[PDB]
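Q: Provided herewith is a single structure, encoded as structure tokens, for subsequent inquiry.
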2 protein chains.
Amino acid sequence: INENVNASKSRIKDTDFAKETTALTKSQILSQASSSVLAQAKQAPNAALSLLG
Amino acid sequence: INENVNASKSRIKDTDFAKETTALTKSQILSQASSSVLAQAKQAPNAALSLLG
């Protein structure tokens with residue numbers, strides 16, 4: 001019983017390193033994506049300075 | 001909500017630099033035009049001095 005119960009807690013609490021590592025990378029990528037696009041946007045207002053006489 | 005709200009406040013309170021910069025130019029052009037006409041007008045009465053005085 002101890003074995004099957006230990007097995008059960010694992011299927012509920014234990015982390016699937018494979019799936020989690022995949023997510024950790026996925027998040028890091030989307031983070032880099034946001035960082036770059038944010039920098040692209042932070043420079044957008046500069047456009048005014050140009051059309052500004 | 002905050003975003004859409006900031007977006008809305010912009011569509012009403014912020015300045016569309018493009019349109020405004022165009023307007024400032026037109027205003028300046030009209031001003032330089034008016035000044036030119038005005039100077040020609042300031043000398044209009046001089047015509048009398050041609051007919052003696």
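Numbering starts fresh at 1 for the residues of each chain in the structure tokens, the chains themselves are lettered A, B, ... in the order given, and ligands are numbered from 1 as they appear.
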Please determine the contact residues of chain B with respect to chain A at a cut-off of 10 Å, counting only C-alpha atoms, and supply them as an MDAnalysis selection string.

A: chainID B and resid 16:22 24:25

Q: Write the residues you've just listed into a file as a PDB file, in the first residue's frame, and include C-alpha atoms for each of them.

A:
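Wrote part_21.pdb, looks like this:
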```pdb
ATOM      1  CA  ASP B  16      -2.026  64.050 -32.725  1.00  0.00           C
ATOM      2  CA  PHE B  17       1.407  65.611 -33.426  1.00  0.00           C
ATOM      3  CA  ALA B  18       0.988  65.080 -37.194  1.00  0.00           C
ATOM      4  CA  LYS B  19      -2.209  67.176 -37.502  1.00  0.00           C
ATOM      5  CA  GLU B  20      -1.012  69.817 -35.014  1.00  0.00           C
ATOM      6  CA  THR B  21       2.432  70.231 -36.640  1.00  0.00           C
ATOM      7  CA  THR B  22       0.627  70.782 -39.980  1.00  0.00           C
ATOM      8  CA  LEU B  24       1.304  75.299 -36.758  1.00  0.00           C
ATOM      9  CA  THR B  25       2.872  75.541 -40.242  1.00  0.00           C
TER      10      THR B  25
END
```

Q: What would chain B look like once superposed on chain A, with the fit done by least squares over all C-alpha atoms paired in order? Give it as a compact mmCIF listing (two decimals) with C-alpha atoms, in the first residue's frame.

A:
```
# COMPACT_ATOMS: atom_id res chain seq x y z
CA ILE B 1 -0.15 0.16 0.09
CA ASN B 2 2.69 2.57 0.99
CA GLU B 3 4.21 2.12 -2.49
CA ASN B 4 1.00 2.60 -4.54
CA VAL B 5 0.27 5.54 -2.17
CA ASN B 6 3.70 7.16 -2.80
CA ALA B 7 3.14 6.50 -6.53
CA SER B 8 -0.27 8.24 -6.38
CA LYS B 9 1.04 11.23 -4.38
CA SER B 10 3.67 11.58 -7.13
CA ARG B 11 1.16 11.56 -10.04
CA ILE B 12 -0.42 14.62 -8.32
CA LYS B 13 2.15 16.51 -6.16
CA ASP B 14 5.63 15.87 -7.68
CA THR B 15 6.91 17.75 -10.79
CA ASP B 16 7.21 16.24 -14.32
CA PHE B 17 10.63 17.83 -15.00
CA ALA B 18 10.25 17.26 -18.77
CA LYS B 19 7.04 19.32 -19.12
CA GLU B 20 8.18 21.99 -16.65
CA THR B 21 11.64 22.43 -18.24
CA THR B 22 9.86 22.93 -21.61
CA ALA B 23 7.57 25.55 -20.01
CA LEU B 24 10.46 27.48 -18.42
CA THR B 25 12.06 27.71 -21.89
CA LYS B 26 8.82 28.94 -23.53
CA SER B 27 8.37 31.53 -20.75
CA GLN B 28 11.96 32.79 -21.24
CA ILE B 29 11.50 32.95 -25.06
CA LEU B 30 8.22 34.92 -24.69
CA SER B 31 10.01 37.25 -22.24
CA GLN B 32 12.94 37.96 -24.62
CA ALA B 33 10.37 38.46 -27.40
CA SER B 34 8.28 40.91 -25.33
CA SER B 35 11.37 42.91 -24.29
CA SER B 36 12.40 43.27 -27.97
CA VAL B 37 8.93 44.52 -28.98
CA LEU B 38 8.83 46.81 -25.91
CA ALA B 39 12.12 48.51 -26.89
CA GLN B 40 10.81 49.15 -30.43
CA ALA B 41 7.67 50.62 -28.79
CA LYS B 42 9.62 52.88 -26.40
CA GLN B 43 11.04 54.62 -29.52
CA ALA B 44 7.67 54.74 -31.36
CA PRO B 45 6.76 58.28 -30.10
CA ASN B 46 10.10 59.48 -31.56
CA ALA B 47 8.26 59.65 -34.92
CA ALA B 48 6.74 62.94 -33.70
CA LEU B 49 10.24 64.51 -33.49
CA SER B 50 10.47 63.77 -37.25
CA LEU B 51 7.40 66.03 -37.76
CA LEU B 52 9.31 68.91 -36.08
CA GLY B 53 8.12 69.16 -32.45
```

Q: Hey, what does DSSP flag as alpha helix (DSSP H) within chain B? Can you give it to me as a VMD selection string?

A: chain B and resid 2 to 12 17 to 42 46 to 50
